[PDB]
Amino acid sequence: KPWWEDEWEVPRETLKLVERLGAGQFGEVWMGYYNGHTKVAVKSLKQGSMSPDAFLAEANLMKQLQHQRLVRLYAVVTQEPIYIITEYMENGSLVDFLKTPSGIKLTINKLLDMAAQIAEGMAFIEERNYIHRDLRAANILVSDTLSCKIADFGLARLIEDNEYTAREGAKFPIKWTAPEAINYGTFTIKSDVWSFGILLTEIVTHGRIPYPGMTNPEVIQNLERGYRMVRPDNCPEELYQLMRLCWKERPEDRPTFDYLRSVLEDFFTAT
């Protein structure tokens, strides 16, 4: 729908930007209020830095992926400077939150709870025929009640035929991305499953970088030999074997996110 019929469009006047949370090459992220009372995150596009079409594509996708476990699109302002307004997540990114004094004190039981919550959001994405492609602890946000939601849908795509193929000059973080996506640019929900295994390491290490002490070429080399990431310190062997399932050589041998969810819920209720 055009902006004057779009239910997400709001007049810019409804928003007050209060605190800047980040600034980057492509704009800024702010904590703000809608109509005085409702706390929201506001992402603004820096004019000229990237296409306004490209920027808004993320909001359009979010219109199609609404679930409790996914950061919700709140509103858009589609006149420059373009805003994308989203659900405010009080405890920020999981990667940062696990390092705070609150995050540090979480038990393995709660970390397994959080992993299941993330699997639950990914299972919805999977059921809807989408892929995320940027699944990592930096892209999980944490609420004031210590619940987790999937965020950052910039790379997310609707799948028609199982598989999205990026351009052959496209680069993705080596440590988090499935080998077939790095090698061939071919992404499926099974690529996100591999990333989820990497994300589990970030959960259990309180946000430490995957593949301790290795460069990207070393990671690629070890993987091709059939090694997987070394058991993280203080990782329950159960969780480590679940990570390994995520890291199966053949994408189709990797489990579904529904399976991951159900297993992690069992892990959680046991602990």
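We call the rigid core the largest set of C-alpha positions that still match within 1.5 Å between the two forms. One rule holds for the numbers: they count along the sequence shown, beginning at 1.
- Of the two stretches examined, 68-76 and 162-170, the one with higher mean CA deviation in 8 other deposited structures of this protein after a rigid core fit is 162-170.
- Structural divergence in 8 other deposited structures of this protein between 49-57 and 22-30: following superposition by the core, 22-30 has C-alpha atoms lying farther from the shown form.
- Mean C-alpha B-factor is higher over 157-165 than over the other stretch, the pair under comparison being 157-165 and 80-88.
- The question of which stretch, 122-130 or 97-105, has the higher mean Cα B factor is settled in favour of 97-105.
- Taking the deposited Cα B-factors for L45, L242, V42, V230, the highest one is held by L45.
- Which of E28, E224, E237, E218 has the largest Cα B-factor in the deposited entry comes down to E28.
- Per-chain ranking of the deposited C-alpha B factor places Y184 in the highest third.
- The deposited CA B-factor of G36 belongs to the middle third of values across its chain.
- Annotation for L61: C-alpha temperature factor in the highest third relative to the rest of the modelled chain, per the entry.
- Among the modelled residues of its chain, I209 has a C-alpha B-factor that falls in the middle third, as given in the PDB entry.
- When the CA B factors of the chain's modelled residues are split into thirds, the value for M50 lands in the highest one.
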